[PDB]
Number of protein chains: 8
Amino acid sequence: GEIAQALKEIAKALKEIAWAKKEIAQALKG
Amino acid sequence: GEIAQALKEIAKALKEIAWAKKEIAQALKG
Amino acid sequence: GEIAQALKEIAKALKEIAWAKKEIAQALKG
Amino acid sequence: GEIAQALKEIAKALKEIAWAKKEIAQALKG
Amino acid sequence: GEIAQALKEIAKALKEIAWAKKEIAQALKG
Amino acid sequence: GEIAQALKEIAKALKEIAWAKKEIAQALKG
Amino acid sequence: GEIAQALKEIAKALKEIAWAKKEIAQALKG
Amino acid sequence: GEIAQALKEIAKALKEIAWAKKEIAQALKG
């Protein structure tokens, strides 16, 4: 359904935020 | 539908937050 | 509809958060 | 309606978060 | 209604996050 | 109701995030 | 119900974010 | 159901954000 699919797009975008935060951790460790 | 479309706009805005965080990682690495 | 319009206001506010984070990246690069 | 009004209050609170992040950018630039 | 009231509690909590971020800006300016 | 109660748990968790950010402000001031 | 249970999982995940932020405060204080 | 499953995916993505923040704490402690 379209609402479930849109909520899954929100989850994917939150995962993109997590990936960006991991890049911040690696930048600080460097 | 309009609710699904609005939830997709929320997902797009969260992706914009992820892109900004990636720019923060690049700024710290520099 | 009013709920879709309110969800679009949430998306616009999240975009404002992304814009503020981009300003943080530019401040760090400077 | 009451649900739309409450979602608009969430959007206003997210805008307050964006404004605070802009203040963080100005603090880092200083 | 109870759902609208709970969404208003979420908005109040997000405002508390904005207030905490403002304290971070003041700490950096100091 | 159970949905309102779960949304109130989300609000309480967001308040925990605000409290943690206040601790970050105190750490930076120190 | 399944939606209430899923919203409670979101609250638990937000509490995990608060715990991680508390670890950031302790790292800065050190 | 599909909406509950999508909300559980949002919770999992928020847990990924918490894990990334824990990595930021470890980077700062180092």
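Residues numbered from 1 in each chain as written, not as in the entry; some residues may be left out. Chains lettered and ligands numbered in written order. Heavy atoms only, no water.

In the PDB archive, X-ray crystallography is given as the structure determination method for this entry, at a resolution of 1.4500 Å.

Asker: Please clarify how the overall build of chain A should be interpreted in this entry.
Answerer: A tally of helices and strands in chain A yields 1 helix and 0 strands. Taken along its principal axes, the extent of the C-alpha atoms in chain A is 45 × 5 × 5 Å. Taken over 30 residues, chain A has a buried fraction of 47%. Looking at chain A as shown, the accessible area adds up to about 1,400 Å², and 55% of this sits on carbon and sulfur atoms. The average position of the 6 basic charges and that of the 4 acidic charges among the side chains of chain A differ by 10 Å. (Helix = DSSP H or I, 4+ residues; strand = E, 2+ residues; numbered from the N terminus. Buried < 20%, exposed > 50% of the residue type's maximum accessible area, 1.4 Å probe, protein only. Areas by Shrake-Rupley, 256 points an atom, 1.4 Å probe, with all protein chains shown as cover. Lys, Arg positive; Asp, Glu negative; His and termini not counted. Charge placed at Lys NZ, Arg CZ, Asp CG, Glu CD.)

Asker: What's the story with the interface of chain A and chain B in this structure? I'm lost.
Answerer: A common way to express how large an interface is: the accessible area buried when the components associate. With 17 residues of chain A at the interface, the matching set in chain B holds 17 residues. Buried area between chain A and chain B, both sides added, is near 1,500 Å², and the carbon and sulfur share of it is 73%. Where chain A touches chain B, the interface holds 2 salt bridges. The partner of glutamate 23 of chain A in a salt bridge is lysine 22 of chain B, with the nearest N and O atoms 2.8 Å apart. In terms of residue class, the side of chain A that touches chain B is made up of 11 nonpolar, 1 polar and 5 charged. (Contact = heavy atoms within 4.5 Å. Buried area = accessible area lost by both parts, 1.4 Å probe. Salt bridge = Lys/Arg side-chain N within 4 Å of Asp/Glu carboxyl O. Nonpolar A, V, L, I, M, F, W, Y, C, P; charged D, E, K, R; others polar.)

Asker: So what exactly am I meant to see when it comes to the interface of chain D and chain E here?
Answerer: Facing the 19 residues of chain D at the interface are 18 residues of chain E. For the pair chain D and chain E, the summed buried area comes to about 1,700 Å², and 71% of that belongs to carbon and sulfur atoms. Put simply, chain D and chain E have 2 salt bridges between them. One salt bridge connects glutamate 23 of chain D with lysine 29 of chain E, and the closest N-O pair in it is separated by 2.8 Å. Summed over the shared surface of chain D and chain E, the number is 5 residue pairs in polar contact. Taken together, the residues of the side of chain D that touches chain E break down into 12 nonpolar, 1 polar and 6 charged. (Polar contact = N/O pair within 3.5 Å; in protein donor to acceptor, adjacent residues only side chain to side chain.)

Asker: Whenever I open this one, the arrangement of the chains confuses me. Can you help?
Answerer: There is a clear gap between chain A and chain G: no contact, and 11 Å between their nearest C-alpha atoms. Taking C-alpha atoms as the reference, chain B and chain H come no closer than 11 Å and do not contact one another.

Asker: Would you take a moment to explain the pattern of salt bridges for this structure?
Answerer: Note on pairing: side chains with opposite charge can pair once their charged atoms come close. This model, assessed by the stated rule, comprises 22 salt bridges over all chains. For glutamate 16 of chain B, the salt bridge is made with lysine 22 of chain C, and the minimal N-O distance between the two is 3.6 Å. In this pair, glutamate 16 of chain B sits in helix α1 (residues 2-29) while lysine 22 of chain C sits in helix α1 (residues 2-29), so the two residues belong to two different chains. We classify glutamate 16 of chain B as partly exposed; its relative accessible area is 34%. On the basis of relative accessibility, which here comes to 28%, the residue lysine 22 of chain C falls in the partly exposed class.

Asker: Just to check I follow, could you spell out the packing of helix α1 (residues 2-29) of chain A against helix α1 (residues 2-29) of chain H for this structure?
Answerer: Each pair of packed helices can be described by the angle between their axes along with the distance between the axes. For the pair α1 of chain A and α1 of chain H, interaxial distance at closest approach is 8 Å and the crossing angle is 5°. Regarding the angle of α1 of chain A to α1 of chain H, the classification is roughly parallel. For the contact of α1 of chain A with α1 of chain H, the class distribution of residues is 23 nonpolar, 1 polar and 10 charged. (Axes fitted to C-alpha atoms, helices over the stretch in contact; angles between N-to-C directions. Parallel < 35°, antiparallel > 145°, perpendicular 65-115°, else oblique.)

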